[PDB]
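Encoded as structure tokens, the following chain is the form deposited in one PDB entry, with no partner shown.
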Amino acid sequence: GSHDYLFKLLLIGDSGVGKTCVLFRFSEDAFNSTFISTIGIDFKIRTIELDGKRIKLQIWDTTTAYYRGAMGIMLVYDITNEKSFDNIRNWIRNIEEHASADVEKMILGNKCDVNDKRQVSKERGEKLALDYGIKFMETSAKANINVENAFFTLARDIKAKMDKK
């Protein structure tokens, strides 16, 4: 090594988009468990393996002094809620103002399992992401679609930058 890695990640997005479920699916493989109380757990930690190294992810759930340690940000909307998607512009603008200069970013279109109630097309999300030069994927905390993908991707981008300088 013998460097150790702890990446502080932040979930941000409108109330109700699934931030807490994303966090608890990734860290406990749970969704609407009757055994887990989520109140008021501020973060969860999961360790992943990258390049043979054990990377600690400290993932926080819901102005500068708010983005203080954050190295990566998941910008979350709900594919069944157009307004939550529309507010992503605003979240991006806030992050640009108050977060670290080079914070790594990713947009998540969550609840992609609810296809009969979809209000935001995958195409709309992809185009918005492409416009800001931000990575994108559709997720489901319920079905465990792209939740690991999202975190592994962001972590890789943080590590790649950190391993340069």
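Only residues modelled in both forms are compared. Start at 1 with the first residue shown and count on from there. Here the rigid core means the biggest group of C-alpha atoms that line up within 1.5 Å when the two forms are laid on top of each other.
Quick note: we don't show the form deposited in another entry, though the next part is all about it.
For the set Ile134, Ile41, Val103, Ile48, a Cα shift of at least 2 angstroms between this form and the one not shown, after rigid core superposition, holds for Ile41 and for no other residue. In the other entry, the CA atoms of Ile36 and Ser15 draw together by 3 angstroms or more relative to this form. Figure legend: C-alpha atoms of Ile45 and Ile36, shown here, are separated by at least 3 angstroms more in the other entry.
In sequence order, 33-41, 63-66 are the runs of at least 3 residues present in both forms whose Cα atoms shift by 2 Å or more between this form and the one not shown once the core is superposed.
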